[PDB]
Amino acid sequence: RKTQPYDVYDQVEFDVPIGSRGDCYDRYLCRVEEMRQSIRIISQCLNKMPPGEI
Amino acid sequence: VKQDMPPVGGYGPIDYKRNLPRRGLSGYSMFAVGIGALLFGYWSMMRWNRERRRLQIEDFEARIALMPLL
């Protein structure tokens, strides 16, 4: 969603969690941070919905 | 037209950050509380054990008095 983005993912702003050790703990923390950033993108999409067709 | 849209001023704030309030006491406080509890327990145990030793001595001398008839 940052390197080869699609339709309107280039118009939102979010962070990408990065691990350090490769263990299950760092990846669980990465998943939780991805939940936080998903909430951020959800708020940004709620506040920026354009009118038109479907 | 009528569609699902956000209002003019947008919606309210939405949180996305980790919130850990760090509630509790410092280590010195809990360690001092534990040491004080230990000292209070030790003092109470010393008093009750001395009293129990005196009671045991009294019962033993009662048996000493009762021994020859038996």
# chains A, B, ... in the order shown; residues from 1 in each chain; ligands from 1

call {"tool": "interface_residues", "arguments": {"of": "chain A", "to": "chain B", "cutoff": "7 Å", "atoms": "only C-alpha atoms", "output": "PyMOL selection string"}}
result
chain A and resi 36-37+39-40+43+46-47+49

call {"tool": "write_last_selection", "arguments": {"atoms": "N, CA, C and O atoms", "output": "PDB file, in the first residue's frame"}}
result
ATOM      1  N   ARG A  36      -3.981  -0.263  14.802  1.00  0.00           N
ATOM      2  CA  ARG A  36      -4.032   1.175  15.084  1.00  0.00           C
ATOM      3  C   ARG A  36      -4.021   1.999  13.797  1.00  0.00           C
ATOM      4  O   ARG A  36      -4.813   2.939  13.630  1.00  0.00           O
ATOM      5  N   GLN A  37      -3.132   1.649  12.867  1.00  0.00           N
ATOM      6  CA  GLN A  37      -3.062   2.386  11.609  1.00  0.00           C
ATOM      7  C   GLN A  37      -4.297   2.152  10.748  1.00  0.00           C
ATOM      8  O   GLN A  37      -4.702   3.046   9.997  1.00  0.00           O
ATOM      9  N   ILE A  39      -7.297   1.835  12.017  1.00  0.00           N
ATOM     10  CA  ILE A  39      -8.246   2.779  12.611  1.00  0.00           C
ATOM     11  C   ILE A  39      -7.994   4.192  12.089  1.00  0.00           C
ATOM     12  O   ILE A  39      -8.937   4.941  11.785  1.00  0.00           O
ATOM     13  N   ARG A  40      -6.717   4.564  11.953  1.00  0.00           N
ATOM     14  CA  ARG A  40      -6.366   5.879  11.410  1.00  0.00           C
ATOM     15  C   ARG A  40      -6.867   6.054   9.974  1.00  0.00           C
ATOM     16  O   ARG A  40      -7.459   7.088   9.627  1.00  0.00           O
ATOM     17  N   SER A  43     -10.698   6.448   9.915  1.00  0.00           N
ATOM     18  CA  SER A  43     -11.112   7.817  10.228  1.00  0.00           C
ATOM     19  C   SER A  43     -10.880   8.753   9.046  1.00  0.00           C
ATOM     20  O   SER A  43     -11.742   9.586   8.718  1.00  0.00           O
ATOM     21  N   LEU A  46     -13.523   8.101   6.468  1.00  0.00           N
ATOM     22  CA  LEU A  46     -14.818   8.616   6.900  1.00  0.00           C
ATOM     23  C   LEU A  46     -14.915  10.118   6.686  1.00  0.00           C
ATOM     24  O   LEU A  46     -15.972  10.628   6.302  1.00  0.00           O
ATOM     25  N   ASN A  47     -13.826  10.843   6.931  1.00  0.00           N
ATOM     26  CA  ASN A  47     -13.855  12.295   6.819  1.00  0.00           C
ATOM     27  C   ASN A  47     -13.618  12.807   5.402  1.00  0.00           C
ATOM     28  O   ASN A  47     -13.587  14.025   5.204  1.00  0.00           O
ATOM     29  N   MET A  49     -15.077  11.230   2.251  1.00  0.00           N
ATOM     30  CA  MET A  49     -15.852  10.491   1.260  1.00  0.00           C
ATOM     31  C   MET A  49     -16.443  11.449   0.232  1.00  0.00           C
ATOM     32  O   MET A  49     -17.135  12.399   0.614  1.00  0.00           O
TER      33      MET A  49
END

call {"tool": "atom_distance", "arguments": {"atom1": "CA of residue 51 (chain A)", "atom2": "CA of residue 12 (chain A)"}}
result
17.5 Å

call {"tool": "residues_around", "arguments": {"residues": "residue 8 (chain A)", "least_positions_apart": "3", "cutoff": "12 Å", "atoms": "only C-alpha atoms", "output": "number ranges by chain"}}
result
A: 1-2, 4-5, 11-13, 41, 44-45, 48-50

call {"tool": "atom_distance", "arguments": {"atom1": "CA of residue 28 (chain B)", "atom2": "CA of residue 45 (chain B)"}}
result
25.5 Å

call {"tool": "atom_distance", "arguments": {"atom1": "CA of residue 40 (chain B)", "atom2": "CA of residue 56 (chain B)"}}
result
24.3 Å
